[PDB]
Amino acid sequence: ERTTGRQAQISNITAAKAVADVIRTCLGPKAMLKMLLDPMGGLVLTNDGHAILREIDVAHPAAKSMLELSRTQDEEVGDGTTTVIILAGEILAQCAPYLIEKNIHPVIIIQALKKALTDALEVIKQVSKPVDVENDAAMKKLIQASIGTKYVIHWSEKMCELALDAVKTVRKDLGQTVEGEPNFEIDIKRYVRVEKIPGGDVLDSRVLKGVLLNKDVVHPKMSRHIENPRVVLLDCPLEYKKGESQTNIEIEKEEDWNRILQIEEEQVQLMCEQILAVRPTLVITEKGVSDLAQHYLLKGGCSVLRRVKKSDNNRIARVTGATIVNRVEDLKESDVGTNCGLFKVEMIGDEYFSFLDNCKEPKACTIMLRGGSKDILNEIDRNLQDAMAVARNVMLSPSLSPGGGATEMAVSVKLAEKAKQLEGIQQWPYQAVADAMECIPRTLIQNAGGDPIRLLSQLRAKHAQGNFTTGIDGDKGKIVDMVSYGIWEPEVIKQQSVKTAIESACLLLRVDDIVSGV
Amino acid sequence: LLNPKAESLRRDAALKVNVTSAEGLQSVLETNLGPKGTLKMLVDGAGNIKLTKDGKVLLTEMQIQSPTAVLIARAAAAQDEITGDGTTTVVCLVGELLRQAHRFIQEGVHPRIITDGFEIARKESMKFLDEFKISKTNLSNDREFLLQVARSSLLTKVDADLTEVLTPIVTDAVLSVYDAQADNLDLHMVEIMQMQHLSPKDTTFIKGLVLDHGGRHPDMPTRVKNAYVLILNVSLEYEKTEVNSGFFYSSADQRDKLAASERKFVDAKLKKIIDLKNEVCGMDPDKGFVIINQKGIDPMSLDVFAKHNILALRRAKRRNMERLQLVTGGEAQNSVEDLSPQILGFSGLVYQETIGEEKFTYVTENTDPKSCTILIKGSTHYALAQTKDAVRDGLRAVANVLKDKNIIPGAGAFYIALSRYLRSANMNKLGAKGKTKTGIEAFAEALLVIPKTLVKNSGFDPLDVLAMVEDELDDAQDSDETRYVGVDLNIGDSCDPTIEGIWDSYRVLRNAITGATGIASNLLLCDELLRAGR
């Protein structure tokens with residue numbers, strides 16, 4: 001019913017500690033397998049952190065907040081799902097004795113977590129090292145981190161080309177002191193939307209700039225490409241129009257019957273004549289096209305496309321600029337067909353397609369993927385999004401940070417040094433943040449099999465005297481430098497990792513009561 | 001760390017349950033292995049008792065809540081689709097490998113090092129797999145060697161008396177379907193049919209096809225030798241008007257005249273059929289005419305066809321009509337108007353084997369049948385189910401021998417030698433790791449379960465035979481020559497598996513070592529069990 005006093009603070013930390021404790025063995029490339037027991041006779045052997053917690057039914061509401069935290073992390077970064085949840089769960093565990101046994105007010109701890117978050121972001125920027133974002137050979141070795149241990153490792157070179165050529169098309173990199181700096185905005189969601197074509201080879205997969213249409217041309221003999229195109233978009237079909245009111249044509253006189261039959265053909269030509277007034281080279285309609293409208297527009301020297309989806313024409317309007325106008329008599333001259341390179345109808349996989357591809361980058365592109373089957377295309381799809389997500393974090397900041405527990409320990413050492421110079425009651429919960437940062441590398445040690453206490457203190461000694469680039473090896477499990485075998489990941493992953501971790505930790509600390517009601 | 005309606009087994013407690021889960025499934029299937037194995041009962045709940053030694057049928061008919069045995073059953077189902085044999089062999093390798101690993105888990109060894117020791121030893125096992133295998137010639141005159149492969153797949157599931165019965169049946173079934181060249185073999189061309197009322201030891205091989213419905217008339221010829229075949233699609237029985245009508249007879253004899261006038265349309269096609277026999281080898285000996293006609297035939301035409309000594313079949317299965325078309329060679333005749341002697345096929349002696357209730361017509365002695373049949377005989381459903389398991393697994397065992405030219409000797413020759421291999425190689429090599437030595441030694445000692453439990457089901461002392469085989473291998477290495485040693489279950493001493501004729505398929509052992517390693521590896525990777533949503 002109601003949880004008052006310190007009982008609510010216990011249940012909020014315990015719920016977040018239980019969610020993190022499950023995936024502690026899910027961290028690292030060597031991470032163990034989790035066998036889940038379904039209410040039925042089935043089982044789940046998947047080690048993916050998101051696929052596990054999704055199949056785990058939770059009761060306490062703080063556990064549901066940790067589930068929604070991983071959903072936000074999945075939209076930002078493609079990997080490291082368990083890294084954020086374990087880190088956010090350990091911070092509440094380390095602040096638990098200070099909140100109760102030491103009797104520190106929670107607002108003091110929350111204000112201390114905001115100071116530790118700002119200091120942590122500064123340390124990550126200091127331990128991060130720059131890399132050339134314009135080097136094609138360097139970007140392939142970066143994305144390769146999210147490539148290997150997958151079926152795409154053989155095509156990885158082609159997987160990086162499809163990843164780079166896609167983000168480089170939709171990215172706008174600008175800055176100045178006049179109109180401001182967009183800070184290298186890249187949209188993978190809307191603009192990079194992909195079309196998967198079965199059959200063929202991965203080498204034949206191209207990134208097309210434009211909107212791809214699966215519908216063919218109404219007539220076999222027609223202009224294949226136009227130099228300076230004029231495009232008209234309209235939802236209305238092409239056929240004889242009828243009045244919305246009651247229309248009855250009574251024919252008595254003998255010679256007036258054939259005249260009305262000619263007018264019906266003239267009305268179809270009139271609707272096409274209103275389109276030809278702007279001299280379009282391309283006509284795209286949502287519904288079908290009558291055979292008469294096909295012949296009238298064929299002699300008019302324009303291209304006709306039929307049975308095109310409405311959602312596709314909306315994406316065409318942004319890369320082109322032609323606005324959909326229902327009635328042919330209302331067609332504006334302001335909307336044009338400029339920046340369309342080729343109409344090429346070339347057949348791909350025994351199926352006629354239509355290409356809107358151009359020579360320019362109107363902040364969007366359509367990726368054409370080829371594979372050996374639909375399951376291969378689905379594997380290329382999800383891997384391409386993770387491939388571009390890594391390339392996105394590299395284009396959203398030049399600096400790379402060492403992984404494998406190197407950055408995790410590098411921050412914890414600097415937090416311990418700033419703790420001695422930070423006066424006030426917030427010093428005690430500030431030291432709990434550094435102890436929570438040591439949980440991630442110690443977790444990789446526990447999954448490796450080595451002594452967690454011995455290897456952690458020795459790894460901390462490497463950061464204190466030597467450099468911060470000495471991490472833990474995944475294959476071996478012994479303390480080594482990350483410069484030898486680069487595990488290096490972009491900094492944006494570490495940025496949003498500690499960022500949302502403090503926001504999720506403070507959110508649960510602010511709730512002192514839980515009641516049930518509608 | 002708990003919420004209502006949840007259960008969690010954590011902190012190495014799941015390992016003690018999972019290893020015990022394998023020990024429970026192992027001890028059940030440890031009873032049946034090799035020719036000395038045991039028979040079990042499977043109750044479907046409907047009251048039908050089924051006795052089979054095949055681990056494929058066992059794991060599907062039993063329901064197990066233990067999730068460890070579920071993964072073993074699911075992975076063995078993939079092994080049953082690929083290998084088709086040695087389902088128990090895979091289970092015995094998984095269980096014992098977890099037992100040897102659980103002993104090191106109690107020592108504090110991390111399971112990743114244990115699983116890494118299995119993968120490193122598996123890669124070295126594949127190297128010895130290619131070295132230990134024996135390349136068999138591609139000659140099809142190898143039937144003598146096929147007699148050894150047959151006894152390997154037979155003696156396991158039978159009393160060894162049905163082996164001598166099924167040995168010429170299975171061996172002749174494969175080579176008759178298989179043309180002489182390297183192309184392929186089709187197991188669908190071998191029909192599996194079951195019959196009652198006769199002992200299982202009388203099971204015979206059918207070179208042609210077997211069918212149920214025979215010619216019904218007391219005077220029809222029972223044995224017809226070297227007869228022409230007619231595949232006919234048209235109904236020879238009485239027909240009725242497609243529209244509603246009636247027969248109005250003024251006189252008593254007119255009633256038979258109207259019935260004969262309607263059948264005259266069918267009798268017109270009947271006269272064209274009997275004229276074909278009068279045109280071709282009517283009185284000629286060693287030649288005959290058979291009607292396999294697919295649709296029904298009235299008893300009036302059966303009496304007419306009996307006077308001509310024509311075998312007339314009616315209501316034949318649609319699938320058999322196309323099969324008899326390829327076996328006999330005669331095309332399917334839809335209309336009698338197009339009937340010609342060049343369309344007729346040719347078959348050998350066609351004789352009806354008639355029991356009390358049923359009649360059996362045989363299509364055998366065909367020029368180019370390209371389809372075999374194995375007719376399984378038994379008095380009860382117990383012998384019919386056990387033989388069907390031996391035929392299906394027996395044909396697929398020989399099938400993998402022609403597809404894969406490499407063969408490996410059985411009787412534990414591959415398991416004992418590889419276990420001794422990794423023991424001596426790892427000490428000489430030492431290039432893996434110091435902590436990996438536990439995973440390699442546990443994997444080598446775990447593969448001894450098959451030769452240990454094979455003689456354990458035989459009753460002989462496993463410590464005695466494993467010592468004599470190991471001493472014989474050491475005496476073979478001291479003599480500096482290649483000697484293949486294997487266990488003898490009847491006598492209890494060692495022997496030569498190449499001379500005794502005990503062989504194991506290469507593809508079966510390749511997926512058994514790789515499969516069982518992957519099964520036990522994923523089971524050791526489970527630290528905690530979780531039950532939620534229930």
# chains A, B, ... in the order shown; residues from 1 in each chain; ligands from 1
$ interface_residues --of "chain B" --to "chain A" --cutoff "12 Å" --atoms "only C-alpha atoms" --output "ChimeraX atom specification"
/B:1-11,14-15,18,63-71,74,105,108-116,432-433,435-436,519,521-534
$ write_last_selection --atoms "N, CA and C atoms" --output "short mmCIF file (atom, residue, chain, number, x, y, z; two decimals), in the first residue's frame"
data_model
loop_
_atom_site.label_atom_id
_atom_site.label_comp_id
_atom_site.auth_asym_id
_atom_site.auth_seq_id
_atom_site.Cartn_x
_atom_site.Cartn_y
_atom_site.Cartn_z
N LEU B 1 17.00 -9.46 -2.84
CA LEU B 1 16.90 -9.32 -4.29
C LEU B 1 15.86 -10.28 -4.86
N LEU B 2 14.59 -10.05 -4.52
CA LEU B 2 13.52 -10.93 -4.98
C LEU B 2 12.22 -10.14 -5.06
N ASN B 3 11.33 -10.62 -5.92
CA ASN B 3 9.98 -10.08 -6.05
C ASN B 3 8.99 -11.24 -6.00
N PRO B 4 7.71 -10.99 -5.71
CA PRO B 4 6.76 -12.10 -5.59
C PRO B 4 6.60 -12.88 -6.89
N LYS B 5 6.29 -14.16 -6.73
CA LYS B 5 6.10 -15.10 -7.83
C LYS B 5 7.34 -15.18 -8.72
N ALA B 6 8.47 -15.46 -8.09
CA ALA B 6 9.73 -15.63 -8.81
C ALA B 6 10.60 -16.64 -8.09
N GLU B 7 11.48 -17.29 -8.85
CA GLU B 7 12.43 -18.26 -8.33
C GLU B 7 13.77 -18.07 -9.02
N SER B 8 14.85 -18.11 -8.23
CA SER B 8 16.19 -17.88 -8.77
C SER B 8 17.17 -18.83 -8.09
N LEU B 9 17.99 -19.49 -8.90
CA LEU B 9 19.09 -20.31 -8.39
C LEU B 9 20.41 -19.70 -8.82
N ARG B 10 21.16 -19.17 -7.85
CA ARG B 10 22.31 -18.33 -8.14
C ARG B 10 23.52 -18.80 -7.34
N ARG B 11 24.68 -18.25 -7.71
CA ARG B 11 25.95 -18.50 -7.01
C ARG B 11 26.31 -19.99 -7.02
N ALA B 14 23.18 -23.23 -9.61
CA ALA B 14 22.62 -23.68 -10.88
C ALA B 14 23.52 -24.71 -11.54
N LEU B 15 24.83 -24.64 -11.28
CA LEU B 15 25.75 -25.61 -11.86
C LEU B 15 25.54 -27.00 -11.25
N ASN B 18 22.43 -28.30 -12.93
CA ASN B 18 22.58 -28.61 -14.35
C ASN B 18 23.44 -29.85 -14.57
N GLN B 63 8.64 -36.52 -21.97
CA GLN B 63 8.55 -35.11 -21.61
C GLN B 63 9.40 -34.87 -20.37
N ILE B 64 10.32 -33.92 -20.45
CA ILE B 64 11.26 -33.63 -19.37
C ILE B 64 11.17 -32.14 -19.06
N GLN B 65 10.95 -31.82 -17.78
CA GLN B 65 10.89 -30.42 -17.36
C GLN B 65 12.28 -29.82 -17.20
N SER B 66 13.28 -30.66 -16.96
CA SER B 66 14.64 -30.17 -16.76
C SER B 66 15.14 -29.47 -18.02
N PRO B 67 15.49 -28.19 -17.94
CA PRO B 67 15.91 -27.46 -19.15
C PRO B 67 17.23 -27.95 -19.72
N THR B 68 18.08 -28.58 -18.91
CA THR B 68 19.34 -29.10 -19.42
C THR B 68 19.10 -30.25 -20.39
N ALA B 69 18.16 -31.15 -20.04
CA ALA B 69 17.84 -32.25 -20.94
C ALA B 69 17.07 -31.77 -22.17
N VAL B 70 16.44 -30.59 -22.09
CA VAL B 70 15.73 -30.05 -23.24
C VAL B 70 16.72 -29.64 -24.33
N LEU B 71 17.78 -28.92 -23.95
CA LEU B 71 18.79 -28.53 -24.92
C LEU B 71 19.50 -29.75 -25.50
N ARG B 74 16.96 -31.16 -27.97
CA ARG B 74 16.84 -30.32 -29.16
C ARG B 74 18.09 -30.43 -30.03
N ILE B 105 34.99 -27.68 -11.32
CA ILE B 105 34.21 -26.55 -10.83
C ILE B 105 34.27 -26.49 -9.31
N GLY B 108 37.27 -24.76 -8.06
CA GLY B 108 37.31 -23.32 -8.19
C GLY B 108 37.71 -22.84 -9.57
N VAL B 109 37.71 -23.75 -10.55
CA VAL B 109 38.09 -23.40 -11.91
C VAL B 109 36.92 -22.70 -12.59
N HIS B 110 37.20 -21.57 -13.23
CA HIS B 110 36.15 -20.81 -13.89
C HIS B 110 35.66 -21.57 -15.12
N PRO B 111 34.35 -21.56 -15.39
CA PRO B 111 33.83 -22.37 -16.51
C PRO B 111 34.31 -21.92 -17.87
N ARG B 112 34.70 -20.66 -18.03
CA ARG B 112 35.21 -20.20 -19.32
C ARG B 112 36.50 -20.92 -19.69
N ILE B 113 37.41 -21.06 -18.72
CA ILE B 113 38.64 -21.82 -18.95
C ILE B 113 38.31 -23.27 -19.27
N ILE B 114 37.26 -23.81 -18.64
CA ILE B 114 36.84 -25.18 -18.90
C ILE B 114 36.29 -25.30 -20.32
N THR B 115 35.47 -24.34 -20.74
CA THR B 115 34.93 -24.37 -22.09
C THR B 115 36.00 -24.05 -23.13
N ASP B 116 36.96 -23.19 -22.79
CA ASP B 116 38.05 -22.91 -23.72
C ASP B 116 38.94 -24.13 -23.90
N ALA B 432 49.18 -24.66 -25.37
CA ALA B 432 47.85 -24.09 -25.14
C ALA B 432 47.89 -23.07 -24.01
N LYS B 433 48.01 -23.54 -22.77
CA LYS B 433 48.03 -22.71 -21.57
C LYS B 433 48.18 -23.64 -20.38
N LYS B 435 46.47 -23.23 -17.38
CA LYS B 435 45.14 -23.47 -16.82
C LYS B 435 44.25 -24.23 -17.79
N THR B 436 44.56 -24.19 -19.09
CA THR B 436 43.78 -24.93 -20.07
C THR B 436 44.02 -26.44 -19.95
N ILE B 519 27.37 -28.68 -26.92
CA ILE B 519 26.25 -28.84 -25.99
C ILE B 519 26.72 -28.61 -24.56
N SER B 521 29.38 -27.15 -23.57
CA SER B 521 29.94 -25.82 -23.39
C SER B 521 28.87 -24.81 -23.02
N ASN B 522 27.74 -24.82 -23.74
CA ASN B 522 26.66 -23.88 -23.44
C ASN B 522 26.03 -24.16 -22.08
N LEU B 523 26.12 -25.40 -21.60
CA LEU B 523 25.56 -25.72 -20.29
C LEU B 523 26.44 -25.22 -19.16
N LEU B 524 27.76 -25.22 -19.37
CA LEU B 524 28.67 -24.69 -18.36
C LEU B 524 28.66 -23.17 -18.34
N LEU B 525 28.23 -22.54 -19.43
CA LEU B 525 28.17 -21.08 -19.48
C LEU B 525 27.00 -20.51 -18.69
N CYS B 526 26.14 -21.36 -18.13
CA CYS B 526 24.99 -20.88 -17.37
C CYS B 526 25.36 -20.78 -15.90
N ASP B 527 25.47 -19.55 -15.40
CA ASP B 527 25.74 -19.29 -13.99
C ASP B 527 24.49 -19.33 -13.12
N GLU B 528 23.38 -18.75 -13.59
CA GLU B 528 22.19 -18.59 -12.77
C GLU B 528 20.96 -18.98 -13.57
N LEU B 529 20.01 -19.63 -12.90
CA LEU B 529 18.72 -20.00 -13.49
C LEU B 529 17.68 -19.00 -12.98
N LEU B 530 16.77 -18.61 -13.86
CA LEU B 530 15.74 -17.63 -13.53
C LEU B 530 14.38 -18.08 -14.04
N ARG B 531 13.39 -18.06 -13.15
CA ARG B 531 12.01 -18.37 -13.49
C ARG B 531 11.15 -17.16 -13.19
N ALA B 532 10.60 -16.54 -14.23
CA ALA B 532 9.77 -15.35 -14.07
C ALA B 532 8.53 -15.48 -14.94
N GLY B 533 7.55 -14.63 -14.66
CA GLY B 533 6.31 -14.65 -15.42
C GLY B 533 5.42 -15.84 -15.16
N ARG B 534 5.64 -16.56 -14.06
CA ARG B 534 4.84 -17.74 -13.75
C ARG B 534 4.19 -17.60 -12.38
#
$ select_by_dssp --residues "range 156-292 of chain A" --states "strand (DSSP E or B)" --output "count of residues only"
24
$ residues_around --residues "residue 455 in chain A" --least-positions-apart "4" --cutoff "9 Å" --atoms "only C-alpha atoms" --output "JSON, numbers by chain"
{"A": [442, 445, 450, 451, 459, 460, 478, 479]}
$ closest_residue --among "A:114, A:392, A:418, A:462" --to "residue 492 in chain A" --atoms "only C-alpha atoms"
A:392
$ residues_around --residues "residue 354 in chain B" --least-positions-apart "4" --cutoff "10 Å" --atoms "only C-alpha atoms" --output "list in words"
residues 214, 222, 358, 359, 360 and 361 of chain B
$ write_last_selection --atoms "N, CA, C and O atoms" --output "PDB file, in the first residue's frame"
ATOM      1  N   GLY B 214      -5.688 -56.867 -55.433  1.00  0.00           N
ATOM      2  CA  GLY B 214      -5.413 -57.783 -56.516  1.00  0.00           C
ATOM      3  C   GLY B 214      -6.644 -58.065 -57.359  1.00  0.00           C
ATOM      4  O   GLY B 214      -7.749 -57.588 -57.091  1.00  0.00           O
ATOM      5  N   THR B 222      -2.856 -66.964 -61.046  1.00  0.00           N
ATOM      6  CA  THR B 222      -2.109 -66.519 -59.874  1.00  0.00           C
ATOM      7  C   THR B 222      -0.686 -66.123 -60.243  1.00  0.00           C
ATOM      8  O   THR B 222      -0.176 -65.104 -59.764  1.00  0.00           O
ATOM      9  N   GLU B 358      -5.828 -61.259 -46.939  1.00  0.00           N
ATOM     10  CA  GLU B 358      -5.328 -60.320 -47.934  1.00  0.00           C
ATOM     11  C   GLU B 358      -4.621 -61.034 -49.079  1.00  0.00           C
ATOM     12  O   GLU B 358      -4.210 -62.191 -48.953  1.00  0.00           O
ATOM     13  N   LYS B 359      -4.489 -60.330 -50.201  1.00  0.00           N
ATOM     14  CA  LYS B 359      -3.761 -60.801 -51.369  1.00  0.00           C
ATOM     15  C   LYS B 359      -2.660 -59.806 -51.717  1.00  0.00           C
ATOM     16  O   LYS B 359      -2.873 -58.591 -51.700  1.00  0.00           O
ATOM     17  N   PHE B 360      -1.477 -60.332 -52.029  1.00  0.00           N
ATOM     18  CA  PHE B 360      -0.297 -59.515 -52.298  1.00  0.00           C
ATOM     19  C   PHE B 360       0.184 -59.787 -53.717  1.00  0.00           C
ATOM     20  O   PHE B 360       0.587 -60.910 -54.033  1.00  0.00           O
ATOM     21  N   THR B 361       0.152 -58.762 -54.563  1.00  0.00           N
ATOM     22  CA  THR B 361       0.629 -58.857 -55.937  1.00  0.00           C
ATOM     23  C   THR B 361       2.003 -58.205 -56.035  1.00  0.00           C
ATOM     24  O   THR B 361       2.216 -57.113 -55.499  1.00  0.00           O
TER      25      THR B 361
END
$ residues_around --residues "range 191-203 of chain B" --least-positions-apart "4" --cutoff "8 Å" --atoms "only C-alpha atoms" --output "ChimeraX atom specification"
/B:161-162,165-166,209,371-380,383-384,388
$ write_last_selection --atoms "N, CA, C and O atoms" --output "PDB file, in the first residue's frame"
ATOM      1  N   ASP B 161      19.877 -62.243 -34.781  1.00  0.00           N
ATOM      2  CA  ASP B 161      19.227 -63.187 -35.681  1.00  0.00           C
ATOM      3  C   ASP B 161      18.508 -62.493 -36.827  1.00  0.00           C
ATOM      4  O   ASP B 161      18.466 -63.025 -37.941  1.00  0.00           O
ATOM      5  N   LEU B 162      17.941 -61.309 -36.577  1.00  0.00           N
ATOM      6  CA  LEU B 162      17.348 -60.530 -37.656  1.00  0.00           C
ATOM      7  C   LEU B 162      18.416 -59.855 -38.506  1.00  0.00           C
ATOM      8  O   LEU B 162      18.117 -59.354 -39.596  1.00  0.00           O
ATOM      9  N   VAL B 165      18.951 -61.765 -41.572  1.00  0.00           N
ATOM     10  CA  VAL B 165      17.779 -61.576 -42.420  1.00  0.00           C
ATOM     11  C   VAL B 165      17.833 -60.216 -43.106  1.00  0.00           C
ATOM     12  O   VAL B 165      17.579 -60.099 -44.310  1.00  0.00           O
ATOM     13  N   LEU B 166      18.173 -59.170 -42.351  1.00  0.00           N
ATOM     14  CA  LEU B 166      18.160 -57.813 -42.887  1.00  0.00           C
ATOM     15  C   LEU B 166      19.457 -57.431 -43.588  1.00  0.00           C
ATOM     16  O   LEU B 166      19.493 -56.394 -44.260  1.00  0.00           O
ATOM     17  N   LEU B 209       7.620 -53.372 -56.755  1.00  0.00           N
ATOM     18  CA  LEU B 209       6.736 -52.672 -55.836  1.00  0.00           C
ATOM     19  C   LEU B 209       5.654 -53.627 -55.355  1.00  0.00           C
ATOM     20  O   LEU B 209       5.279 -54.563 -56.068  1.00  0.00           O
ATOM     21  N   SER B 371      13.159 -48.582 -58.605  1.00  0.00           N
ATOM     22  CA  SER B 371      12.506 -48.404 -57.310  1.00  0.00           C
ATOM     23  C   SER B 371      12.529 -49.738 -56.585  1.00  0.00           C
ATOM     24  O   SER B 371      12.172 -50.762 -57.174  1.00  0.00           O
ATOM     25  N   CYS B 372      12.945 -49.735 -55.323  1.00  0.00           N
ATOM     26  CA  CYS B 372      12.931 -50.939 -54.510  1.00  0.00           C
ATOM     27  C   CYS B 372      11.789 -50.883 -53.502  1.00  0.00           C
ATOM     28  O   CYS B 372      11.079 -49.882 -53.380  1.00  0.00           O
ATOM     29  N   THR B 373      11.622 -51.985 -52.776  1.00  0.00           N
ATOM     30  CA  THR B 373      10.645 -52.068 -51.699  1.00  0.00           C
ATOM     31  C   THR B 373      11.186 -52.986 -50.615  1.00  0.00           C
ATOM     32  O   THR B 373      11.725 -54.054 -50.918  1.00  0.00           O
ATOM     33  N   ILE B 374      11.044 -52.573 -49.361  1.00  0.00           N
ATOM     34  CA  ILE B 374      11.365 -53.415 -48.216  1.00  0.00           C
ATOM     35  C   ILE B 374      10.061 -53.700 -47.484  1.00  0.00           C
ATOM     36  O   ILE B 374       9.464 -52.800 -46.882  1.00  0.00           O
ATOM     37  N   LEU B 375       9.612 -54.951 -47.538  1.00  0.00           N
ATOM     38  CA  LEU B 375       8.367 -55.359 -46.896  1.00  0.00           C
ATOM     39  C   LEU B 375       8.694 -55.894 -45.508  1.00  0.00           C
ATOM     40  O   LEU B 375       9.306 -56.958 -45.372  1.00  0.00           O
ATOM     41  N   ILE B 376       8.282 -55.161 -44.479  1.00  0.00           N
ATOM     42  CA  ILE B 376       8.555 -55.534 -43.097  1.00  0.00           C
ATOM     43  C   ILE B 376       7.453 -56.469 -42.621  1.00  0.00           C
ATOM     44  O   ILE B 376       6.264 -56.151 -42.730  1.00  0.00           O
ATOM     45  N   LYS B 377       7.847 -57.622 -42.093  1.00  0.00           N
ATOM     46  CA  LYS B 377       6.912 -58.621 -41.602  1.00  0.00           C
ATOM     47  C   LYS B 377       7.019 -58.746 -40.087  1.00  0.00           C
ATOM     48  O   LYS B 377       8.090 -58.579 -39.499  1.00  0.00           O
ATOM     49  N   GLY B 378       5.883 -59.027 -39.458  1.00  0.00           N
ATOM     50  CA  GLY B 378       5.852 -59.256 -38.027  1.00  0.00           C
ATOM     51  C   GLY B 378       4.520 -59.786 -37.542  1.00  0.00           C
ATOM     52  O   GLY B 378       3.486 -59.553 -38.174  1.00  0.00           O
ATOM     53  N   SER B 379       4.531 -60.502 -36.417  1.00  0.00           N
ATOM     54  CA  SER B 379       3.285 -61.029 -35.866  1.00  0.00           C
ATOM     55  C   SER B 379       2.538 -59.957 -35.082  1.00  0.00           C
ATOM     56  O   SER B 379       1.306 -59.870 -35.147  1.00  0.00           O
ATOM     57  N   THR B 380       3.266 -59.136 -34.334  1.00  0.00           N
ATOM     58  CA  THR B 380       2.693 -58.066 -33.533  1.00  0.00           C
ATOM     59  C   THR B 380       3.238 -56.719 -33.991  1.00  0.00           C
ATOM     60  O   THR B 380       4.027 -56.626 -34.934  1.00  0.00           O
ATOM     61  N   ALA B 383       7.416 -56.083 -33.266  1.00  0.00           N
ATOM     62  CA  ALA B 383       8.435 -56.407 -34.258  1.00  0.00           C
ATOM     63  C   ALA B 383       8.373 -55.456 -35.447  1.00  0.00           C
ATOM     64  O   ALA B 383       9.394 -55.191 -36.090  1.00  0.00           O
ATOM     65  N   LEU B 384       7.183 -54.933 -35.753  1.00  0.00           N
ATOM     66  CA  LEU B 384       7.054 -54.005 -36.872  1.00  0.00           C
ATOM     67  C   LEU B 384       7.679 -52.656 -36.543  1.00  0.00           C
ATOM     68  O   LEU B 384       8.225 -51.984 -37.427  1.00  0.00           O
ATOM     69  N   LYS B 388      11.287 -51.383 -38.302  1.00  0.00           N
ATOM     70  CA  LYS B 388      11.226 -50.124 -39.037  1.00  0.00           C
ATOM     71  C   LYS B 388      12.310 -49.159 -38.571  1.00  0.00           C
ATOM     72  O   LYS B 388      12.839 -48.374 -39.366  1.00  0.00           O
TER      73      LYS B 388
END
$ residues_around --residues "residue 212 in chain A" --least-positions-apart "4" --cutoff "10 Å" --atoms "only C-alpha atoms" --output "number ranges by chain"
A: 194-195, 208, 312, 315-316, 353-357, 365-368
$ closest_residue --among "B:29, B:56, B:440, B:106" --to "residue 12 in chain B" --atoms "only C-alpha atoms"
B:106
$ select_by_dssp --residues "range 66-98 of chain A" --states "alpha helix (DSSP H)" --output "tab-separated table (two decimals) with C-alpha atoms, in the first residue's frame"
chain	number	residue	atom	x	y	z
A	66	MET	CA	15.61	0.31	-15.46
A	67	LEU	CA	13.97	-1.48	-18.39
A	68	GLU	CA	12.94	1.84	-19.94
A	69	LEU	CA	16.49	3.09	-19.37
A	70	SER	CA	17.88	0.35	-21.61
A	71	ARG	CA	15.26	1.18	-24.25
A	72	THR	CA	16.60	4.74	-24.43
A	73	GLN	CA	20.20	3.48	-24.59
A	74	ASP	CA	19.31	1.18	-27.49
A	75	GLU	CA	18.11	4.18	-29.53
A	76	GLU	CA	21.32	6.10	-28.81
A	81	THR	CA	23.31	-2.15	-23.24
A	82	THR	CA	24.43	-3.98	-20.10
A	83	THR	CA	27.19	-1.42	-19.45
A	84	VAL	CA	24.77	1.41	-18.65
A	85	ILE	CA	22.39	-0.71	-16.56
A	86	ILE	CA	25.15	-2.26	-14.43
A	87	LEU	CA	26.74	1.17	-13.92
A	88	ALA	CA	23.43	2.78	-12.95
A	89	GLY	CA	22.64	-0.10	-10.61
A	90	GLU	CA	26.03	-0.03	-8.89
A	91	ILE	CA	25.85	3.70	-8.13
A	92	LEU	CA	22.69	3.15	-6.09
A	93	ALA	CA	24.35	0.17	-4.38
A	94	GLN	CA	27.43	2.18	-3.40
A	96	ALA	CA	23.13	2.72	-0.07
A	97	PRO	CA	25.34	2.55	3.08
A	98	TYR	CA	25.95	6.31	3.01
$ residues_around --residues "residue 413 in chain B" --least-positions-apart "6" --cutoff "10 Å" --atoms "only C-alpha atoms" --output "VMD selection string"
chain B and resid 132 451 469 484 to 487 495 to 498 502 to 504
$ atom_distance --atom1 "CA of residue 438 in chain A" --atom2 "CA of residue 144 in chain A"
27.0 Å
